[PDB]
Every structure is written in C-alpha cells, then in structure tokens.
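The structure appears right after this line, and notes come after that.
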Amino acid sequence: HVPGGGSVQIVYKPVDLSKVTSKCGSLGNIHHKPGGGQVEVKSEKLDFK
Amino acid sequence: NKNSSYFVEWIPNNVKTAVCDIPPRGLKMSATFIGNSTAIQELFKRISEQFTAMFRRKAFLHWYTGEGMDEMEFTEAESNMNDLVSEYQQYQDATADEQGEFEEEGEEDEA
C-alpha cells in the first residue's frame with residue numbers, strides 16, 4: 001500500500017460586481033431650459049388718428 | 001426727488017399716503033412702509049436657481065410624486081415662475097421714451 005492520503009480540494013471562488021444595474025434620474029440630462037418671455041406686448045404709442 | 005434712479009419713470013407720483021389720527025400704543029408718530037419694486041426679482045431668481053438645483057437632478061421628488069404630483073405639475077409651476085421673473089425684467093430699464101417702427105426687406109435684381 002502507499003499511505004500519505006489521496007487528495008483534497010480547497011473551497012475558493014473568483015469575484016465580480018456582476019455589471020449591476022440601478023435607476024438614475026440625474027443621468028438623463030445635460031442641458032438647462034431656455035428663459036421665459038421678457039418682452040412687453042400691451043404697450044401703445046397713443047396716436048390721435 | 002432724491003430717488004429718481006429708483007422710481008419707475010413712466011409711473012408719475014408713485015406714493016399712496018394715509019394719515020390716521022391714532023398712532024400705535026407708545027409712539028407719538030409712526031409709519032408703515034409698503035413698496036412694490038422690480039428689486040424683488042432677487043427673491044424669484046433665488047427660489048428658481050435653488051429650485052433648479054434640486055429639480056434638474058430630481059432630488060426629493062419622490063416625496064411629492066409619492067403623494068400624487070407628476071413632473072407636469074412641476075412644469076406648469078416652473079412655466080409660471082419663468083414668466084413671472086421675466087415680467088419683472090420686462091419692466092426693468094423700461095422707459096417713458098418712444099420706440100420706432102420698421103418696414104420689410106428682401107428684394108433685389110440685376111440693375
């Protein structure tokens with residue numbers, strides 16, 4: 001007989017962050033909205049016709 | 001007369017007086033001030049820049065939409081806000097002096 005055991009394997013496994021996916025509201029934007037209307041439309045020059 | 005730079009030029013005689021017989025307890029005379037100025041455009045700019053800082057990135061919005069708002073409701077309130085702060089700047093540096101009028105252009109030929 002040959003004594004000294006057979007063989008036994010270690011428990012060890014590789015690791016990864018799985019390309020995981022979540023929500024982001026901030027990622028959906030790069031630009032701001034244009035301004036409101038700064039201009040008068042009511043004014044009249046009061047000509048006596 | 002002292003503040004001609006801070007009264008609007010197309011509004012003559014800007015002040016509404018009132019002169020009550022009865023001053024507050026303890027004061028021999030007093031007065032309540034009330035002013036409507038283009039200067040308040042700095043409250044509305046401050047609100048709306050601080051609003052955009054939460055809003056454009058959608059900070060704390062789930063607390064409002066979770067009650068039942070939508071982004072549209074924010075959009076209607078922002079559309080009013082951008083109009084109201086513009087309605088200030090529309091009257092800032094507006095004058096009593098008259099603006100001209102124009103014709104149309106767009107025509108040319110060989111000679």
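Heads up, the Cβs are rebuilt from the backbone with ideal geometry, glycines too, and the neighbour counts pull from every protein chain shown. Where a number appears in this text, it was derived from the coordinates with a stated rule and is not lab data.
As a rough footprinting exposure proxy, the listed residues B:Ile40, A:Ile30 were ranked by other beta carbons within 10 Å of their own, and the order from fewest upward is A:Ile30, B:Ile40. The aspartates and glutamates whose alpha-carbon is closer than 20 Å to the alpha-carbon of A:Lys42, local same-chain residues fewer than 8 away aside, are B:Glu9, B:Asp83, B:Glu87, B:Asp93, B:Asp97, B:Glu98, B:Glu101.
Non-local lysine pairs in the stretch B:1-72, meaning eight or more places apart or on different chains, with alpha-carbon distances under 28 Å, amount to 4.
Using Cα pairs closer than 8 Å and at least 6 residues apart in sequence, work out the relative contact order for chain B, in percent.
Computed value for chain B: 36 percent relative contact order.
Rounded to the nearest 500, what is chain B's calculated 222 nm mean residue ellipticity when only DSSP H runs of at least 4 contribute -39500 (n - 2.57) each, over all residues?
The helix contribution divided over chain B gives -11500 deg cm²/dmol.
With θ taken as phi - 60° and the Karplus curve 6.51 cos²θ - 1.76 cosθ + 1.60 applied, the whole-hertz 3J(HN,Hα) list for the stretch A:4-15 is x, x, x, 10, 10, 9, 7, 8, 8, 9, x, 10 Hz, x standing for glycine and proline.
Basic side chains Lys and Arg get +1 at the Cβ, acidic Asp and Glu get -1 at the Cβ, and with that the dipole of the protein assembly as shown about its Cα centre reaches some 2180 debye.
Volume of the convex hull of chain A (Cα atoms only), normalised per residue: 98 Å³. Please grab the % of Cα pairs in the protein assembly as shown that end up more than 25 Å from each other. Counting every Cα pair in the protein assembly as shown, those more than 25 Å apart make up 67 percent.
Cut-off is 10 Å between beta-carbons; in what order do B:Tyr6, B:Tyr88 appear when sorted fewest neighbours first? If you can, show how the numbers build up before the last one.
Numbers: B:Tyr6 11, B:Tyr88 18.
Going from sparsest to densest Cβ surroundings: B:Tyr6, B:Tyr88.
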